[PDB]
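Single-structure report; data block below.
With ideal geometry, Cβ positions are generated from the backbone for all residues, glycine too; neighbour counts draw on all protein chains shown. Read-outs throughout are calculated quantities, based only on the coordinates presented, and are distinct from any laboratory measurement.
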Amino acid sequence: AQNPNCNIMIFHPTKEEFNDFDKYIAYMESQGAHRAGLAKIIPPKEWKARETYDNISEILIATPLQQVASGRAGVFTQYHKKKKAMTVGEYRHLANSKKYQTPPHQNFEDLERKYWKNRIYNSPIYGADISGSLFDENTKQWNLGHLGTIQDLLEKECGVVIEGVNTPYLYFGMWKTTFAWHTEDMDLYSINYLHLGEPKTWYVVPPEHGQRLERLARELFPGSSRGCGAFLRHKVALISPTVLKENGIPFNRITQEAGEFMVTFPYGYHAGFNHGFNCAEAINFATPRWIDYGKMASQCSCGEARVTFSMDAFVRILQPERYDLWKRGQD
Ligand SMILES: O=C(O)CNC(=O)C(=O)O
Ligand SMILES: [Mg+2]
Ligand code: NI
Ligand SMILES: [Zn+2]
């Protein structure tokens, strides 16, 4: 078996290999990339997402989210407090202010130490889940707004047409902005392009060891676990690498820089933080290999998680038994 230690693999496709997205994902998995839960794809030098980022300041962040932490340095939850709308221009200025700016540091490792030491004592503001795209319409390769839809994949594989659409989201980040431990909705894949700015550091657990993370999570967030059998679907729980090591949870870490893609694989738990002002674009996608993961995916039915319109159909077709109880959590 390829990549038996579940290392995060880095790919350097040629511009020829960059034409066919599906085929390259399949290629990565033939080399065992999926065993890590996460991969890095460096685009060919010929490729550009768009000409410049000089004209993005007028994008509105309708609902910036202030990420307030509770708990201990290495084991904490976060909640999102809604703040007033601001433009990307205003957000960038806020990100660079003394209160919110990245501190002096030697290297990514030093910044990572500072993140886990001090994250809980601040509440950075995140522009997350903003519907939209920064890919030029003429960017033909790996354009996150032009991927085959999950609905079309489900139909190709299972013979059934379903409602739903699948569009990208933009994330404007600053120092310490944080994404909690999670898999994707319906344990889908995700792909994330870091368009501009400062890096994003990621942690990931191999899909074959996901349940180990879940078991640790139930022990570390015992109240949350009693409230919901899939409370990580709430995307609020953080566990540091030091704590994962102490508990023998297998994982890996890697820093994504501007101009690089990351792909998360089905049931690959991940979490991470941003190093300073940045902009990423992301979207879920599916392959034939996803179907079995979709069929087995845990669901939140306590009602916290509350998800996209499009997910109804996935649960309805793939998890008909769960569909009655799940949709009650949606309404
Ligand atoms: O960029 C972020 O904050 C979160 N992104 C993801 O979890 C993803 O792309 O799968
Ligand atoms: Mg603009
Ligand atoms: Ni994700
Ligand atoms: Zn729940």
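Reported count of residues in segment 92-139, each being buried (at least 18 other Cβ atoms within 10 Å of the Cβ) and under 30 Å from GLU16 (Cα atoms), is 4.
Being in a loop (DSSP other than H, G, I, E, B) and hydrophobic (A, V, I, L, M, F, W, C) is the filter here; which residues of segment 129-144 pass it? Those that are in a loop (DSSP other than H, G, I, E, B) and hydrophobic (A, V, I, L, M, F, W, C): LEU134, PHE135, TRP142. Quick check on segment 140-163. Is at least one of its residues polar (S, T, N, Q) and either crowded, with 21+ Cβ neighbours inside 10 Å or at positive phi (or both)? Within segment 140-163, not a single residue is polar (S, T, N, Q) and either crowded, with 21+ Cβ neighbours inside 10 Å or at positive phi (or both).
Taking segment 58-92, which residues are assigned to a helix (DSSP H, G or I) and touching a strand residue (DSSP E or B) at 6+ places or on another chain (Cβ under 9 Å)? Correct list: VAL88, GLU90, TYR91, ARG92. Within segment 310-331, the set of residues being over 19 Å from the mean Cα position of the chain (by Cα) and either more than 25 Å from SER131 (Cβ to Cβ) or not in a helix (DSSP H, G or I) (or both) comprises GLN319, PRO320, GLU321, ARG322, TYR323, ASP324, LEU325, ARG328, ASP331. Residues considered: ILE8, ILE42. Of these, the only one that is touching a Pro at 6+ places or on another chain (Cβ under 9 Å), among the β-branched types (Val, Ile, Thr) and closer than 22 Å to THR201 by Cα is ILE42.
Where residues in segment 223-241 are touching a residue at least 12 places away in the same chain (Cβ under 8 Å), farther than 23 Å from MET174 by Cα and not in a loop (DSSP other than H, G, I, E, B), which of them is farthest from ligand 2 (Cβ to nearest atom)? So that I can check it myself, show each step before the final result.
Restricting attention to segment 223-241, the residues satisfying the condition of being touching a residue at least 12 places away in the same chain (Cβ under 8 Å) are 224, 227-241.
Restricting the remaining residues to those that are farther than 23 Å from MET174 by Cα gives 224, 227-233.
From what's left, not in a loop (DSSP other than H, G, I, E, B): 224, 227, 231-233.
Numbers: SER224: 39, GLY227: 41, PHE231: 37, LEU232: 35, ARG233: 33 Å.
That would be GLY227.
Looking at segment 36-57, which of the residues that are closer than 16 Å to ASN252 by Cα and not in a loop (DSSP other than H, G, I, E, B) is nearest to ligand 1 (Cβ to nearest atom)? Step through it out loud before you land on a result.
Keep residues of segment 36-57 that are closer than 16 Å to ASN252 by Cα, which gives 36-40.
After this cut, where a residue has to be not in a loop (DSSP other than H, G, I, E, B) as well, the list is 36, 38-40.
Values: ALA36: 14, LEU38: 9, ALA39: 12, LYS40: 13 Å.
The extreme case among them is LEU38.
Give segment 159-216 a look and list any residue that's within 19 Å of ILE130 (Cα to Cα), of a type in the set (A, V, I, L, M, F, W, C) and away from ligand 1 (no atom under 11 Å from the Cβ), or say none. Selection gives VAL165, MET174, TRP175, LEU196.
Test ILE283 against the criterion of being within 16 Å of ligand 3 (Cβ to nearest atom) and either over 17 Å from the mean Cα position of the chain (by Cα) or farther than 28 Å from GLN330 by Cα (or both), and give yes or no. In short, no.
Looking only at residues in segment 211-270 that are among the β-branched types (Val, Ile, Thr), in contact with a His (Cβ under 9 Å, 6 or more places away or on another chain) and within 20 Å of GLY71 (Cβ to Cβ), the one that is surrounded by the most Cβ atoms within 10 Å (Cβ to Cβ) is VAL236.
Which of the residues that make up segment 168-222 are under 30 Å from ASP54 (Cβ atoms), of a type in the set (A, V, I, L, M) and assigned to a loop (DSSP other than H, G, I, E, B)? Spell out how you get there, then give the answer.
First pass over segment 168-222, keeping only residues under 30 Å from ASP54 (Cβ atoms): 168-179, 190-202.
After this cut, where a residue has to be of a type in the set (A, V, I, L, M) as well, the list is 170, 174, 191, 194, 196.
Of everything in segment 168-222, just one residue is under 30 Å from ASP54 (Cβ atoms), of a type in the set (A, V, I, L, M) and assigned to a loop (DSSP other than H, G, I, E, B), namely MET174.
Against the condition crowded, with 17+ Cβ neighbours inside 10 Å and under 27 Å from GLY197 (Cα atoms), how does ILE59 come out, does it pass? Before you say what the answer is, go through the steps one by one.
Values: crowded, with 17+ Cβ neighbours inside 10 Å: yes; under 27 Å from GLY197 (Cα atoms): yes.
Judged against the criteria, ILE59 is a match.
Residues that are buried (at least 20 other Cβ atoms within 10 Å of the Cβ), within 10 Å of ligand 3 (Cβ to nearest atom) and not hydrophobic (A, V, I, L, M, F, W, C) within segment 172-189 comprise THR183, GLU184, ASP185, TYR189, listed in sequence order.
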